[PDB]
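Next up: just one chain, as structure tokens, the form deposited in one PDB entry.
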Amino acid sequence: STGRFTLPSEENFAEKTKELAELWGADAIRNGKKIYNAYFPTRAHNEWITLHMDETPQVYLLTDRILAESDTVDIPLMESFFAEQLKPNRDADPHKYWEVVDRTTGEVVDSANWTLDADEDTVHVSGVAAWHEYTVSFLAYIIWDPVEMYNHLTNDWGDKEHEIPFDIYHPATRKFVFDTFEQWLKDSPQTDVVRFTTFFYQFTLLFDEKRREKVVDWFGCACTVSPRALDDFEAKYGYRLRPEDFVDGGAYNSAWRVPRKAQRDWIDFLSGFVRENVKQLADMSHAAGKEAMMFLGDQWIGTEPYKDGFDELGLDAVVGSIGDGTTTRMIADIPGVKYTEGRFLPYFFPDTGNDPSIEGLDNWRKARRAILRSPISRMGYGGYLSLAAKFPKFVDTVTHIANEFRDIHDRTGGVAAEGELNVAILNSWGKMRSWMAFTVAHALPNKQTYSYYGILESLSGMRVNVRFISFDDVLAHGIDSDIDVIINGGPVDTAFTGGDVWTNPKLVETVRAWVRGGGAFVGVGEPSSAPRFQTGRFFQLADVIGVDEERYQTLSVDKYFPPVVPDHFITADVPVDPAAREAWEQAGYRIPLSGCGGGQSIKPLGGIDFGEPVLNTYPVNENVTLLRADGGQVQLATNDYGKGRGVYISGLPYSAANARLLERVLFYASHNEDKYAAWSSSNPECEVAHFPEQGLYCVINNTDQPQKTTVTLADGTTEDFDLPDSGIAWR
């Protein structure tokens, strides 16, 4: 049990620093061991940026919609934005760089028809149509670094000076940053690892007039424009971006949107620029005898750790924030670095009286099921070490975790567990957004995302191989012959279902043919959906999965539901209260009634949490197998399709039960039922990792209980376990 652990520094508590590093087998100290220093290339020099204020990052902002009540309207620029963070750019010619849109028609208002007030941040529009809504899209300087701003507001730093951010796209600021880092390196001989936190462009993070978050996209590049960059883009790509190409009608190019060419063009542009400079920073670091480590977050926009070429940056490490299985996978699967690191929870900060061991062991549980599938090299925590030395139950929690971690490494050699199936998530983005589907705010699923995010989180720690593919991959090269299951999920008209790509007959031909020949297709929520393309067919692959969504176009056609099959391989681990099942059996099915179809269960069978409902799903014919069809619509179904199978699930919030459901779905759909038993846990609360090349397996408790489970080995025999609080057994 040696090393692989990163411990954060403390102001003066330099006494227990030697004792806790010895107790935890620590080999690195954050901020005779390895030393990490956080570097912040775009802030922490107000002495520079105040003298060149037009070199701050900038962003297109969309004003509120203003109603015109005659042929003129006044549109205030800053009324809905935090004036401490953002300020309208009056230097760059508004009539050149801004755009007033009539949102009612979609037409751009002619620049002869509007002016910027000389003394107020107000736009005067004349010659317009009464009773239309009008917005301005304008450039704004970001005069306060979004993350430092966030920490300021969160910790209430009061009147502490606001860090002004700068943009290395301007040659003067770029020269300053490199000169400074050179000097910094010279002045930092003790530092072993430069922890870049992060680089050049903050992810979209804008605040409103009430000091609240207004707009956030962990992947967003709102905060990446300036007049020079926009003009250079035109010179390089051969057309001019509209402000609309960034404000996106109010959507701000959310990753949920079906990606437009303009967005891809901008990503490529930004990425060439960011990557060359990151490499320069890594080179300088290495030339000084130091390692370069990137933080996966904050100013990470334009790095693209999952695009090809990332390796050529020559970064030594990626370090990332661990909130769960999915966010662990984001870090763990990154190619082209020497090692990876997770900053585990809880952070060492007062708001975590309480038993802090619980969060720490829990954060470790969501992460460890993922680490088993895709190991991370190192672990650690941030913050105030004095604040946690005070909690003796927690210190012992960490000693255990650091040792379990290394024991895992020492048993497995950092090798990943064996995957029993090959699963592909199919969406508009593919590999570049590996493990990043459905995310808005990092680690914060919500009402609108959690029914889909649950898919990734289920997969993150599952005994299968997961890969991320795009509709472009499938159209150019077909479906790789080693894939067992394809998954398509999300709401209609998103990047994650795909939108109008589904009206492209080549795509449909390719998937249909592959499933007919024995492939497996799993649709979640509104899979393969295309609005208005066919009057009687919303899910374009409805025939594959046996389920469509009624969109109020087909109410005249009676829908007939076949009887639900309660005893089935897929649902075999769902406990049902006998009295629930009894009620469901007793009430029976609806009798055909004019205009109402028939066969829908009068009472629900239940037992399963499906998240957000997809209303009026129905079976396409009576040969589709219904597994849950409660409340007059369909939540779970399966269909045979030539040699292959399609499955529908309306939604899938993460839980052990739901992860087991999905796993069973994956083995069933790819006709691999008899392959399921080997290396399985009978208890859904527990999970098995098989390491054949080492002749070993482990079984883990996903919880802080005692859990009883039977593991089935490949040779048919069974081994029983009684697992203590988040335990781990090895055979």
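By rigid core we mean the largest C-alpha set that fits within 1.5 Å across both forms. Don't overthink the numbering: it's just position in the shown sequence, from 1.
In the deposited sequence, the stretch from residue 31 to residue 32 hides 10 or more residues that have no coordinates.
According to the entry, the stretch of the deposited sequence that connects residue 352 to residue 353 contains 1 to 3 residues lacking coordinates, which leaves a short gap in the model. Just going by the entry, 561-569 versus 396-404 on mean CA temperature factor gives the higher value to 396-404. On average the C-alpha atoms of 358-366 have higher B-factors than those of the other stretch, with 358-366 and 235-243 being the two compared. Residues shown: 98, 429, 521, 347. Highest C-alpha temperature factor in the entry: 347. As recorded in the PDB entry, 380 shows the highest C-alpha B-factor of the residues 631, 525, 320, 380.
Sort the chain's modelled residues by C-alpha temperature factor and residue 672 lands in the middle third, per the entry.
When all modelled residues of the chain are sorted by CA temperature factor, residue 252 is found within the lowest third. The PDB entry assigns residue 331 a C-alpha temperature factor belonging to the middle third of its chain's modelled residues. Among the modelled residues of the chain, residue 415 sits in the highest third by CA temperature factor in this PDB entry. For residue 409, the recorded CA temperature factor ranks within the highest third of the chain's modelled residues.
Here the subject shifts to the form deposited in another entry, a form of this protein not shown in this document.
Only 361, out of 221, 296, 193, 361, shows a C-alpha shift of 2 Å or more between the shown form and the other one on alignment of the rigid core. Here residue 705 counts as shifted, since its C-alpha moves by at least 2 Å between the shown form and the other one after the core is aligned. Once the rigid core is used as the reference frame, the Cα position of residue 180 differs between the shown form and the other one by less than 2 Å. The Cα position of residue 560 differs by less than 2 Å between the shown form and the other one after fitting on the rigid core.
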